[PDB]
file query-v8.cif (mmCIF, C-alpha atoms and all ligand atoms)
data_run
loop_
_atom_site.label_atom_id
_atom_site.label_comp_id
_atom_site.auth_asym_id
_atom_site.auth_seq_id
_atom_site.Cartn_x
_atom_site.Cartn_y
_atom_site.Cartn_z
CA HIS A 4 61.78 60.34 -41.73
CA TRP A 5 60.15 56.93 -41.48
CA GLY A 6 61.47 54.22 -39.19
CA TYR A 7 60.36 51.73 -36.53
CA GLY A 8 60.41 53.87 -33.37
CA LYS A 9 57.58 55.33 -31.25
CA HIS A 10 57.49 58.56 -33.23
CA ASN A 11 58.09 57.42 -36.82
CA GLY A 12 57.09 53.74 -36.87
CA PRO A 13 54.30 51.73 -38.63
CA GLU A 14 51.50 53.66 -36.87
CA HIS A 15 52.78 56.93 -38.43
CA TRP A 16 53.49 55.73 -42.00
CA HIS A 17 49.99 56.43 -43.37
CA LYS A 18 50.51 60.22 -43.10
CA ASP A 19 53.25 60.30 -45.77
CA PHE A 20 52.06 57.05 -47.43
CA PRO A 21 48.20 56.90 -47.33
CA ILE A 22 48.36 53.48 -49.09
CA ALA A 23 49.41 52.13 -45.64
CA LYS A 24 45.63 51.73 -45.07
CA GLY A 25 45.00 50.26 -48.52
CA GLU A 26 43.25 47.11 -49.71
CA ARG A 27 46.28 44.78 -50.18
CA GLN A 28 48.86 45.65 -47.52
CA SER A 29 51.54 43.32 -46.14
CA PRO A 30 52.44 41.55 -44.07
CA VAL A 31 49.44 39.47 -42.93
CA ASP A 32 48.68 36.67 -40.49
CA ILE A 33 48.43 33.34 -42.31
CA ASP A 34 45.53 31.47 -40.78
CA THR A 35 46.43 27.91 -41.79
CA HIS A 36 42.87 26.64 -41.39
CA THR A 37 41.49 29.39 -43.64
CA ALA A 38 44.10 29.01 -46.42
CA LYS A 39 42.98 26.62 -49.18
CA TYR A 40 45.08 24.13 -51.16
CA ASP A 41 45.19 25.33 -54.78
CA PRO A 42 45.49 22.62 -57.48
CA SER A 43 45.91 25.37 -60.15
CA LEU A 44 49.35 26.31 -58.76
CA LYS A 45 52.32 25.12 -60.88
CA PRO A 46 55.42 23.79 -59.14
CA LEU A 47 57.57 26.67 -57.79
CA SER A 48 60.92 27.09 -59.54
CA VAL A 49 63.80 28.81 -57.73
CA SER A 50 66.88 28.96 -60.00
CA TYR A 51 69.74 30.59 -58.14
CA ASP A 52 72.79 28.69 -59.61
CA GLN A 53 74.05 31.72 -61.60
CA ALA A 54 73.23 34.45 -59.03
CA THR A 55 75.77 37.25 -58.90
CA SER A 56 75.87 39.27 -55.71
CA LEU A 57 77.61 42.65 -55.79
CA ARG A 58 77.50 44.29 -52.39
CA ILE A 59 75.91 44.64 -49.01
CA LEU A 60 74.43 47.86 -47.74
CA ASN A 61 73.15 49.15 -44.38
CA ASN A 62 70.29 51.41 -45.48
CA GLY A 63 69.37 52.65 -41.99
CA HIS A 64 66.40 50.22 -41.85
CA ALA A 65 67.93 46.83 -42.58
CA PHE A 66 70.80 45.52 -44.72
CA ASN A 67 70.43 44.64 -48.38
CA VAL A 68 72.49 42.05 -50.29
CA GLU A 69 72.30 43.35 -53.87
CA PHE A 70 72.55 41.31 -57.06
CA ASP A 71 73.52 42.07 -60.62
CA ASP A 72 70.09 41.89 -62.34
CA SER A 73 71.31 43.04 -65.81
CA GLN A 74 70.93 39.48 -67.25
CA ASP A 75 68.60 36.53 -66.45
CA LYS A 76 70.71 34.60 -63.91
CA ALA A 77 68.75 34.12 -60.66
CA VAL A 78 65.04 33.72 -61.37
CA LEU A 79 61.82 32.76 -59.63
CA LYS A 80 59.00 31.29 -61.72
CA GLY A 81 56.10 28.82 -61.40
CA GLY A 82 53.69 28.58 -58.47
CA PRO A 83 51.27 31.52 -58.68
CA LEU A 84 53.56 33.48 -61.06
CA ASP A 85 53.07 34.12 -64.73
CA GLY A 86 56.40 34.51 -66.48
CA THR A 87 59.83 35.19 -65.05
CA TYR A 88 60.89 37.27 -62.05
CA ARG A 89 64.50 38.28 -61.55
CA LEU A 90 66.34 38.40 -58.17
CA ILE A 91 67.39 41.97 -57.27
CA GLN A 92 68.21 41.91 -53.51
CA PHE A 93 67.56 40.16 -50.23
CA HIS A 94 67.21 41.50 -46.67
CA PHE A 95 65.81 40.49 -43.31
CA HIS A 96 63.50 41.79 -40.62
CA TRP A 97 64.29 40.74 -37.03
CA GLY A 98 63.48 41.30 -33.39
CA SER A 99 65.14 42.50 -30.18
CA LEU A 100 64.19 39.11 -28.66
CA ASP A 101 63.79 35.63 -30.21
CA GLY A 102 60.02 35.75 -29.56
CA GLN A 103 59.43 38.42 -32.21
CA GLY A 104 60.87 39.63 -35.50
CA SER A 105 58.97 38.14 -38.45
CA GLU A 106 56.55 40.24 -40.46
CA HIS A 107 54.19 37.44 -41.59
CA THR A 108 52.79 35.34 -38.82
CA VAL A 109 51.47 31.77 -38.86
CA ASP A 110 48.32 31.27 -36.72
CA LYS A 111 49.57 34.41 -34.88
CA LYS A 112 53.00 32.81 -34.22
CA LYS A 113 55.89 35.30 -34.66
CA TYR A 114 59.25 33.91 -35.77
CA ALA A 115 62.61 35.33 -34.68
CA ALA A 116 63.18 36.84 -38.14
CA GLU A 117 62.15 36.75 -41.78
CA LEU A 118 64.17 36.72 -44.98
CA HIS A 119 62.82 38.52 -48.06
CA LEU A 120 64.26 37.65 -51.48
CA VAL A 121 62.97 40.38 -53.81
CA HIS A 122 62.28 39.74 -57.53
CA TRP A 123 60.93 41.85 -60.41
CA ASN A 124 58.75 40.77 -63.33
CA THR A 125 61.08 40.78 -66.36
CA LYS A 127 58.20 41.80 -68.64
CA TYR A 128 58.45 45.36 -67.24
CA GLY A 129 62.08 45.89 -68.21
CA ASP A 130 63.34 46.95 -64.77
CA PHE A 131 62.57 47.30 -61.07
CA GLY A 132 61.39 50.90 -61.32
CA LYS A 133 58.76 50.13 -63.94
CA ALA A 134 57.73 46.91 -62.16
CA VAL A 135 56.74 48.78 -58.97
CA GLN A 136 54.10 50.62 -61.01
CA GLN A 137 52.29 47.34 -61.79
CA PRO A 138 49.92 45.12 -59.71
CA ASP A 139 52.04 42.07 -60.69
CA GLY A 140 55.42 43.73 -60.83
CA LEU A 141 57.12 42.02 -57.88
CA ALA A 142 57.47 38.62 -56.26
CA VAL A 143 58.88 38.34 -52.77
CA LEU A 144 59.89 34.95 -51.41
CA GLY A 145 59.58 35.04 -47.63
CA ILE A 146 61.42 32.61 -45.35
CA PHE A 147 61.01 32.42 -41.61
CA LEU A 148 63.98 32.11 -39.27
CA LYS A 149 63.88 30.35 -35.92
CA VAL A 150 66.71 30.10 -33.39
CA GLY A 151 68.38 26.69 -33.11
CA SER A 152 71.26 25.22 -35.11
CA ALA A 153 73.43 27.61 -37.11
CA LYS A 154 72.77 28.10 -40.80
CA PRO A 155 76.17 27.59 -42.45
CA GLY A 156 75.18 29.46 -45.61
CA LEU A 157 74.33 32.56 -43.59
CA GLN A 158 77.74 32.91 -41.89
CA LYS A 159 79.32 34.89 -44.76
CA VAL A 160 76.56 37.50 -44.27
CA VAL A 161 77.03 37.49 -40.48
CA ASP A 162 80.78 38.00 -40.71
CA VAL A 163 80.55 41.09 -42.93
CA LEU A 164 78.05 43.00 -40.72
CA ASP A 165 80.98 44.40 -38.68
CA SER A 166 81.99 46.35 -41.77
CA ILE A 167 78.55 47.91 -42.28
CA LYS A 168 77.52 48.80 -38.73
CA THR A 169 75.95 52.20 -39.44
CA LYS A 170 73.53 53.74 -41.94
CA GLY A 171 75.00 54.37 -45.42
CA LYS A 172 77.90 51.93 -45.12
CA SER A 173 78.39 49.25 -47.75
CA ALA A 174 80.90 46.46 -48.49
CA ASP A 175 81.87 44.43 -51.54
CA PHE A 176 79.84 41.22 -51.36
CA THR A 177 80.50 39.13 -54.46
CA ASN A 178 80.09 35.37 -54.91
CA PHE A 179 77.42 34.95 -52.25
CA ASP A 180 75.17 31.97 -53.02
CA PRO A 181 71.57 32.48 -51.80
CA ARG A 182 70.80 28.75 -52.32
CA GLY A 183 72.45 28.37 -48.92
CA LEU A 184 69.58 30.28 -47.26
CA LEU A 185 66.76 27.97 -48.44
CA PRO A 186 64.96 25.35 -46.35
CA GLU A 187 64.58 21.82 -47.77
CA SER A 188 60.87 22.07 -48.72
CA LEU A 189 59.35 24.65 -51.07
CA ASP A 190 55.78 24.22 -49.68
CA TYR A 191 54.31 27.74 -49.45
CA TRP A 192 51.39 30.07 -48.95
CA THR A 193 50.68 32.82 -51.47
CA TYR A 194 48.59 35.96 -51.56
CA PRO A 195 48.61 39.40 -53.31
CA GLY A 196 50.18 42.13 -51.15
CA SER A 197 52.58 45.04 -50.91
CA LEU A 198 56.03 46.21 -49.99
CA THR A 199 56.19 46.09 -46.14
CA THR A 200 58.18 49.36 -45.81
CA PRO A 201 57.42 52.77 -47.25
CA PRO A 202 56.47 53.42 -50.05
CA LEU A 203 54.29 50.29 -49.28
CA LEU A 204 53.47 49.84 -52.98
CA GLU A 205 50.81 47.23 -53.75
CA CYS A 206 52.86 45.46 -56.41
CA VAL A 207 53.84 42.14 -54.72
CA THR A 208 52.87 38.48 -55.14
CA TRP A 209 53.92 37.08 -51.80
CA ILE A 210 55.25 33.54 -51.61
CA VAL A 211 55.88 32.56 -47.98
CA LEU A 212 57.60 29.23 -47.32
CA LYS A 213 56.08 26.98 -44.64
CA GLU A 214 59.38 25.47 -43.49
CA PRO A 215 61.56 27.85 -41.52
CA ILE A 216 65.30 27.82 -41.52
CA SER A 217 67.22 27.55 -38.26
CA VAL A 218 69.93 30.02 -37.39
CA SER A 219 72.01 30.12 -34.23
CA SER A 220 71.57 32.45 -31.29
CA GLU A 221 75.10 33.78 -32.13
CA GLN A 222 74.01 34.55 -35.73
CA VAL A 223 70.88 36.57 -34.74
CA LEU A 224 72.81 38.30 -31.95
CA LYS A 225 75.13 39.73 -34.60
CA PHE A 226 72.10 41.09 -36.60
CA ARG A 227 71.16 42.90 -33.38
CA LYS A 228 74.59 44.69 -33.20
CA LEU A 229 73.81 46.68 -36.35
CA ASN A 230 72.84 50.38 -36.03
CA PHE A 231 69.87 52.34 -37.45
CA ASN A 232 71.91 55.55 -36.95
CA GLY A 233 74.82 56.78 -39.07
CA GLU A 234 78.50 56.85 -38.02
CA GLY A 235 79.30 59.38 -35.28
CA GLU A 236 75.64 59.44 -34.18
CA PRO A 237 74.34 58.10 -30.85
CA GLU A 238 73.73 54.36 -30.92
CA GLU A 239 70.27 53.10 -31.84
CA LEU A 240 70.50 49.32 -32.21
CA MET A 241 68.94 47.92 -35.42
CA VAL A 242 66.26 45.68 -33.89
CA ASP A 243 62.51 45.25 -34.35
CA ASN A 244 62.57 46.45 -37.95
CA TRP A 245 59.33 44.57 -38.72
CA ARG A 246 55.87 45.79 -39.66
CA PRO A 247 53.00 44.04 -37.80
CA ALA A 248 50.25 42.03 -39.52
CA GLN A 249 47.78 44.12 -41.55
CA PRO A 250 44.07 43.54 -42.39
CA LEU A 251 43.50 40.75 -44.93
CA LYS A 252 40.44 42.54 -46.39
CA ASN A 253 38.89 39.48 -48.14
CA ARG A 254 42.04 38.46 -49.97
CA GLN A 255 42.42 34.71 -50.07
CA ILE A 256 45.68 32.99 -49.06
CA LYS A 257 46.26 29.88 -51.17
CA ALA A 258 48.39 26.87 -50.07
CA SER A 259 50.68 24.93 -52.43
CA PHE A 260 50.33 21.74 -50.36
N1 LIG A 301 59.94 44.16 -47.26
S1 LIG A 301 59.66 43.96 -48.79
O1 LIG A 301 58.23 44.08 -48.79
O2 LIG A 301 60.28 42.77 -49.13
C1 LIG A 301 60.46 45.30 -49.48
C2 LIG A 301 60.31 46.63 -49.06
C3 LIG A 301 60.96 47.68 -49.73
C4 LIG A 301 61.73 47.42 -50.85
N2 LIG A 301 62.46 48.20 -51.66
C5 LIG A 301 63.03 47.43 -52.59
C6 LIG A 301 63.90 47.84 -53.63
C7 LIG A 301 64.64 46.97 -54.34
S2 LIG A 301 65.54 47.89 -55.46
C8 LIG A 301 64.94 49.39 -54.97
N3 LIG A 301 64.08 49.14 -53.97
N4 LIG A 301 62.66 46.16 -52.34
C9 LIG A 301 61.86 46.12 -51.29
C10 LIG A 301 61.21 45.06 -50.63
HG HG A 302 51.67 48.34 -57.86
ZN ZN A 303 61.24 42.89 -46.31
#
call {"tool": "encode", "arguments": {"input": "query-v8.cif", "output": "C-alpha cells"}}
result
Amino acid sequence: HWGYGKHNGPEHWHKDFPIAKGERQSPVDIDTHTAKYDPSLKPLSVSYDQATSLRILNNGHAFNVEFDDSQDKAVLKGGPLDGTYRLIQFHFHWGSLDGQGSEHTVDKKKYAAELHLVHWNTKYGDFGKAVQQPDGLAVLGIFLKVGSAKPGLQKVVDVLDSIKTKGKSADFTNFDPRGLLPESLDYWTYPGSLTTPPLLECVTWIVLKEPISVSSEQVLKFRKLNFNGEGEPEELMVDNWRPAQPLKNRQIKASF
C-alpha cells in the first residue's frame, strides 16, 4: 500500500488515486512575490482554550493527536473561512535531515518539518461528510525550524516511545495545542487538498508565515519512530512529506 518509499511513494500515488494529478493538489510552493495581500480577509480566529485531546496514534505514516470533536470546543474561523471549522486531529511531516521535511515551501525553502492542525466545516455534520465538499476542511499549517526547544511540544515528544510502531496508540488527554503556535498569525491561503492519499480536494489551506522553533533533540525523537509494525524490520519514520505540486492558476492570498 501507499507510503513514502521508492516503490510506493508520491510518484506512485496517482495509480490508485488519479486525483493526485488534479487541479487543486497540495502542497505547493508559496512564491512570496506572487502572493497578493487580500483586504477582504477577516482576522483569523484560533480558539483552542477548550480543546480536548484523547489519544495519540502511530498510523504507519505519521502520528496523529486526536481530539474529541463531538462538541464545539476548539474552532478555527475568520480569515478566508466562512463559518466554523472544528479541530479533529494534528500531525506532522518531517525529514531525515534538518534541510528537508516540510510539505509547503516558501520561495522554494524547505523547513525541517510542518505541523498540520486539521479542522472540519461544522455545517456538514461530521468529518466524513465534510471530505465530500470543496469547502469541507481547513488545515492550519505551521513550519518547524531547528533551534530553541518548543516547551509545548515536549509532552508529544515524550510519549513517542510508547507508540514506536504502526498501529500503536496511547492515552493523550489534556494536551493544549495553543502551546504549538507561533506568536504571529500572519498567513498565506489557497484552495488545495489532503497531502496524503486519498488526496481529496476539500481543503482551505492556511499556512502561517512565522515558523516555530524546536530543538535538535525534539526532531531527533520524531526520527526514532517506525513506519513498520511491531516485530517487523525497522524502517525509520522519516521523510513522510509530499513534494510541491503544480499551482495550476490558483492564487495564493496573503493576510499581511
Ligand atoms: N496532510 S493533510 O493534508 O493535513 C491530511 C491528510 C490526510 C488526512 N486524513 C485525515 C483524517 C482526519 S479524521 C480521518 N481522516 N486528516 C488528514 C489531513
Ligand atoms: Hg472535496
Ligand atoms: Zn499533513
call {"tool": "closest_residue", "arguments": {"input": "query-v8.cif", "among": "A:210, A:242, A:38, A:150", "to": "ligand LIG 301 (chain A)", "atoms": "only C-alpha atoms and all ligand atoms"}}
result
A:210
call {"tool": "closest_atom_pairs", "arguments": {"input": "query-v8.cif", "of": "chain A", "to": "ligand LIG 301 (chain A)", "cutoff": "6 Å", "atoms": "all atoms listed in the file", "output": "Markdown table"}}
result
| residue | atom | partner | partner_atom | distance |
| --- | --- | --- | --- | --- |
| A:119 | CA | A:LIG301 | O2 | 5.1 |
| A:121 | CA | A:LIG301 | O2 | 5.9 |
| A:143 | CA | A:LIG301 | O2 | 5.9 |
| A:198 | CA | A:LIG301 | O1 | 3.3 |
| A:199 | CA | A:LIG301 | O1 | 3.9 |
| A:200 | CA | A:LIG301 | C2 | 4.7 |
call {"tool": "closest_residue", "arguments": {"input": "query-v8.cif", "among": "A:175, A:139, A:85, A:117", "to": "ligand HG 302 (chain A)", "atoms": "only C-alpha atoms and all ligand atoms"}}
result
A:139
call {"tool": "residues_near_ligand", "arguments": {"input": "query-v8.cif", "ligand": "ligand HG 302 (chain A)", "cutoff": "7 Å", "atoms": "all atoms listed in the file", "output": "VMD selection string"}}
result
chain A and resid 135 to 140 204 to 206
call {"tool": "closest_residue", "arguments": {"input": "query-v8.cif", "among": "A:156, A:76, A:144, A:170", "to": "residue 235 of chain A", "atoms": "all atoms listed in the file"}}
result
A:170
call {"tool": "residues_around", "arguments": {"input": "query-v8.cif", "residues": "residue 13 of chain A", "least_positions_apart": "6", "cutoff": "12 Å", "atoms": "only C-alpha atoms", "output": "CSV table (one decimal) with C-alpha atoms, in the frame of the given file"}}
result
chain,number,residue,atom,x,y,z
A,4,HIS,CA,61.8,60.3,-41.7
A,5,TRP,CA,60.2,56.9,-41.5
A,6,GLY,CA,61.5,54.2,-39.2
A,7,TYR,CA,60.4,51.7,-36.5
A,19,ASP,CA,53.2,60.3,-45.8
A,20,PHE,CA,52.1,57.0,-47.4
A,21,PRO,CA,48.2,56.9,-47.3
A,23,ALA,CA,49.4,52.1,-45.6
A,24,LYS,CA,45.6,51.7,-45.1
A,29,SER,CA,51.5,43.3,-46.1
A,30,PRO,CA,52.4,41.6,-44.1
A,106,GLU,CA,56.6,40.2,-40.5
A,199,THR,CA,56.2,46.1,-46.1
A,200,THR,CA,58.2,49.4,-45.8
A,201,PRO,CA,57.4,52.8,-47.2
A,202,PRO,CA,56.5,53.4,-50.0
A,203,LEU,CA,54.3,50.3,-49.3
A,243,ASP,CA,62.5,45.2,-34.4
A,244,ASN,CA,62.6,46.4,-38.0
A,245,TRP,CA,59.3,44.6,-38.7
A,246,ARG,CA,55.9,45.8,-39.7
A,247,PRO,CA,53.0,44.0,-37.8
A,248,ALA,CA,50.2,42.0,-39.5
A,249,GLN,CA,47.8,44.1,-41.6
call {"tool": "build_atoms", "arguments": {"input": "query-v8.cif", "residues": "segment 69-85 of chain A", "atoms": "N, CA and C atoms", "output": "mmCIF file, in the frame of the given file"}}
result
data_model
loop_
_atom_site.group_PDB
_atom_site.id
_atom_site.type_symbol
_atom_site.label_atom_id
_atom_site.label_comp_id
_atom_site.auth_asym_id
_atom_site.auth_seq_id
_atom_site.Cartn_x
_atom_site.Cartn_y
_atom_site.Cartn_z
ATOM 1 N N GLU A 69 72.729 42.953 -52.537
ATOM 2 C CA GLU A 69 72.300 43.350 -53.870
ATOM 3 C C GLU A 69 72.916 42.429 -54.913
ATOM 4 N N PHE A 70 72.166 42.209 -55.986
ATOM 5 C CA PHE A 70 72.550 41.310 -57.060
ATOM 6 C C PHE A 70 72.608 42.060 -58.371
ATOM 7 N N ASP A 71 73.491 41.605 -59.247
ATOM 8 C CA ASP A 71 73.520 42.070 -60.620
ATOM 9 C C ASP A 71 72.336 41.490 -61.352
ATOM 10 N N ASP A 72 71.342 42.330 -61.674
ATOM 11 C CA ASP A 72 70.090 41.890 -62.340
ATOM 12 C C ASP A 72 70.025 42.314 -63.814
ATOM 13 N N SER A 73 71.190 42.605 -64.402
ATOM 14 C CA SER A 73 71.310 43.040 -65.810
ATOM 15 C C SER A 73 71.167 41.911 -66.859
ATOM 16 N N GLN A 74 71.233 40.656 -66.408
ATOM 17 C CA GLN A 74 70.930 39.480 -67.250
ATOM 18 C C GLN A 74 70.040 38.543 -66.443
ATOM 19 N N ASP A 75 69.423 37.559 -67.114
ATOM 20 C CA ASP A 75 68.600 36.530 -66.450
ATOM 21 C C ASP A 75 69.525 35.447 -65.890
ATOM 22 N N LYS A 76 69.687 35.431 -64.571
ATOM 23 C CA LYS A 76 70.710 34.600 -63.910
ATOM 24 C C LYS A 76 70.172 33.860 -62.673
ATOM 25 N N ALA A 77 69.372 34.589 -61.901
ATOM 26 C CA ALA A 77 68.750 34.120 -60.660
ATOM 27 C C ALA A 77 67.282 34.452 -60.809
ATOM 28 N N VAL A 78 66.456 33.449 -61.109
ATOM 29 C CA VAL A 78 65.040 33.720 -61.370
ATOM 30 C C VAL A 78 64.077 32.831 -60.578
ATOM 31 N N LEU A 79 62.933 33.418 -60.274
ATOM 32 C CA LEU A 79 61.820 32.760 -59.630
ATOM 33 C C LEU A 79 60.704 32.686 -60.682
ATOM 34 N N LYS A 80 60.157 31.495 -60.861
ATOM 35 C CA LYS A 80 59.000 31.290 -61.720
ATOM 36 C C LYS A 80 58.125 30.157 -61.172
ATOM 37 N N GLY A 81 56.984 29.904 -61.804
ATOM 38 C CA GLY A 81 56.100 28.820 -61.400
ATOM 39 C C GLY A 81 55.240 29.197 -60.224
ATOM 40 N N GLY A 82 54.644 28.223 -59.546
ATOM 41 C CA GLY A 82 53.690 28.580 -58.470
ATOM 42 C C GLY A 82 52.595 29.498 -58.983
ATOM 43 N N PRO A 83 52.365 30.639 -58.295
ATOM 44 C CA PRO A 83 51.270 31.520 -58.680
ATOM 45 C C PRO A 83 51.705 32.509 -59.795
ATOM 46 N N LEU A 84 52.970 32.435 -60.209
ATOM 47 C CA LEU A 84 53.560 33.480 -61.060
ATOM 48 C C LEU A 84 53.365 33.161 -62.519
ATOM 49 N N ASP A 85 53.091 34.206 -63.285
ATOM 50 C CA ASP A 85 53.070 34.120 -64.730
ATOM 51 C C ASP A 85 54.369 34.757 -65.170
#
